[PDB]
Structure formats: C-alpha cells, structure tokens
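Notes for the one structure printed next.
Just so you know, these numbers use all the heavy atoms, side chains as well, and skip hydrogens, waters and symmetry mates. Per chain, numbering begins at 1; letters A, B, ... match sequence-line order. Counting starts at 1 for both ligands and their atoms, in listed order.
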Amino acid sequence: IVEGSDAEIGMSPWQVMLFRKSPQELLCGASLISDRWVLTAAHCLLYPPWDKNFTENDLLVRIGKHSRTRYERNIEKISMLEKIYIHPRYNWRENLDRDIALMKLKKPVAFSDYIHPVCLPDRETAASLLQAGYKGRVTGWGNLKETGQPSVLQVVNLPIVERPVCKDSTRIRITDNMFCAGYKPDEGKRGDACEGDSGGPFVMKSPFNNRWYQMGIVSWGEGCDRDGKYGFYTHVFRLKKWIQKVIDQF
Amino acid sequence: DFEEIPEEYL
Amino acid sequence: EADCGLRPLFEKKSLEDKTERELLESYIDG
Ligand SMILES: *[C@@H]1O[C@H](CO)[C@@H](O)[C@H](O)[C@H]1NC(C)=O
Ligand SMILES: NCc1ccccc1
Ligand SMILES: NCc1ccccc1
Ligand code: NA
Ligand code: NA
C-alpha cells in the first residue's frame, strides 16, 4: 500500500495473507468470507505469462495477522487449502477480466477478536454504494512504493472513480466486471495498492446497517500510485452468482 | 525475512 | 454469516476506527 498508514489492531479482521510454503514468502492478499472460505484474485493463483499455476499444497493462508513477517503466536491462525476454484472465464490473456478465485480451507477457522468474516454485497448494497466519489478501504502488506516493505498491515481509503475516467486512463480494455478507484492528479491526496496487495479486499461500511461489505478485489494497476493512473478492482457483486454457485455446490 | 512458522503447518 | 462485517473490536463494542468517518462523509446519498 502506497501512502497509507498502519492499521489498528482488529481493524480488518477478514484480512488474509496468501503465503507460499517454499520459499516462505508473501504471495497476495485475500479475505475471509466464512469459517471455511477465502476470496482472492485469480491472478494470485494462475498467471501463465509469469509461469504461475499454484496447487493447493503450495500455499497456506494466515488469518488474524497484523505484523507482516512475525509469527503472531496465540493470535494468527494458519490454515491449509482443501481446494482452489478459479472463475472459468477468468481472462488472464488480455485484461484480467473476472479476476476472482475462492479457496476452501481444510478445517474451519475459529473466529476471534482478530478473525471475523466480511459481508458480500447484495444487489441493493452495490447499487447504493458503488458510486463515483464514494470511498472504500484497501488493506495489505504489499510494497510501500512502486520502486520498501511494511512492518504491519497498511490501510488506505480511496474514492471510486467515474467509469469514463477509468477508461480514459489506460489503453487496456476495461469491462463491467472491473471498477477503478484512487485520487485524480488535481485532488492532492494520494494512495494506491501495490505489489503484494493484490487479491486483498476493497471494503465499504454501509451507512444503512453499519456492516462492512467487500465490494472489490485488488486486481491490477499500471505501476503504483502514479499520477493519472488508478487501481482496478474486481467487481465482486457482478460475480456473486459464481461465488454462490461454488459455495452451494462444494 | 519471515519468521519461521511451526512445522505442524508444513 | 448473520454476524458478517461487524468487527469484534469496533462495531461489536460501539468503537470507531480512526478513519471510517472519512468513508461516511463520502456517502452523500440517502
Ligand atoms: C494449471 O495447472 C493445472 C494443474 O497442474 C492444470 O490442470 C491446468 O491445465 C493449468 N492451467 C494452465 C492455464 O496452465
Ligand atoms: N495483458 C495485459 C494486462 C495484464 C494484467 C492486467 C491488465 C492487462
Ligand atoms: N501494480 C500493482 C497494483 C495492483 C493492483 C492495483 C494497483 C496496483
Ligand atoms: Na482508454
Ligand atoms: Na494514481
């Protein structure tokens, strides 16, 4: 996260770290949506241009974390993966359209002060909140600058951007399964996701029921925190029927 | 630079 | 979950985090 701040303890209890077993390293962010299911970006698991195609046994998820590098004894919980599910129309060739994946854990994780699931939006919450100017929150342990790394989880709040501005910021084809967020050059304020944050959540706190909803998944950007560029996020609600199909059947 | 995790998870 | 999105150390204790008000202030409708 570029131009964010340290998270408060328990501020993002749905945060998940995707962790490679060997070499031990941070792969991506992710989020907890129930005691057995973790949501992330498809590109965190499958990206053939970079020879990336992880299997379940390659990975762990670490839940309840604050410190990036510490083993947070008596706080974090480490879970093994039973199965990975990638959206069948995830477009890794062109533009990361439908950049979404689910991971089922081998055993349910116990909730605590530090471990708690985020809500997924329904149609009405998406319609109400996914509007240009409305701010969401992005969290992660990724790089502090495009070109170092944080001691603890970082947090930044960023406004959703008008779709024509998103499209006009890039040569990549932007689809209805994506939205973009970030400050414009003239807005003064700054901030973005960066390498290591992808797969993590873009959340909004509903003013109707005071619950946090995951509206986006950190998907891609051209650099980090560049003037006139924006971060692109998977539109979770637009892919919710696939989420529900997977959970209901597996 | 990650602290070792318990062997039980590996 | 019936309890999703309600943080133990914040909403469940009626404590506010340091920047959630910035989000609320951006939500102009309703
Ligand atoms: C990814 O790996 C799995 C298992 O190794 C394989 O079945 C699948 O075809 C691979 N997909 C791509 C796009 O390489
Ligand atoms: N194929 C170019 C590309 C990669 C990732 C995200 C957007 C576009
Ligand atoms: N290029 C890192 C990145 C990924 C997602 C969103 C913004 C930035
Ligand atoms: Na364009
Ligand atoms: Na920018």
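Inclusion of A:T170 in the first shell of the Na ion (ligand 4) is supported: an N, O or S atom falls under 3.0 Å. Look at A:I172 and the Na ion (ligand 4): no N/O/S atom of the residue is under 3.0 Å from the metal. Among the atoms of A:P185, no N, O or S atom falls under 3.0 Å of the Na ion (ligand 5). Among the atoms of A:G182, no N, O or S atom falls under 3.0 Å of the Na ion (ligand 5).
In this structure, OH in A:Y230 is found 10.0 Å from CG in A:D168, a value given to the nearest 0.5 Å. Atoms CD and OG1, on A:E222 and A:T170 in that order, are 3.5 Å from each other to the nearest 0.5 Å. Note that the CD1 atom of A:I247 and the CD1 atom of A:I33 stand 4.0 Å from one another [nearest 0.5 Å].
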Discussion item. Please evaluate residues A:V61 and A:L81 with respect to the criterion side-chain contact (heavy atoms from CB on, under 4.5 Å), reporting the C-alpha separation (whole Å), side-chain torsions for both, the decisive distance (0.1 Å), and the verdict.
Written reply: CA-CA 8 Å; A:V61 292; A:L81 297 188; 4.1 Å; yes

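The nearest protein heavy atom to atom 7 (O) of ligand 1 is not closer than 4.0 Å. Under the 4.0 Å distance rule, the nearest protein heavy atom to atom 1 (C) of ligand 1 falls inside the cut-off.
Ring pair A:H235/A:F179 is perpendicular by interplanar angle, where above 60° counts as perpendicular and below 30° as parallel.
Taking every non-hydrogen atom of A:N53 and a distance limit under 4.0 Å, the qualifying atoms of ligand 1 come out as 1 (C), 2 (O), 3 (C), 8 (C), 10 (C), 11 (N), 12 (C), 14 (O).
Checking A:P117, A:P201, A:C119 one by one against A:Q214, the side chain to side chain contact (heavy atoms under 4.5 Å, CB included) holds for a single residue, A:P201.
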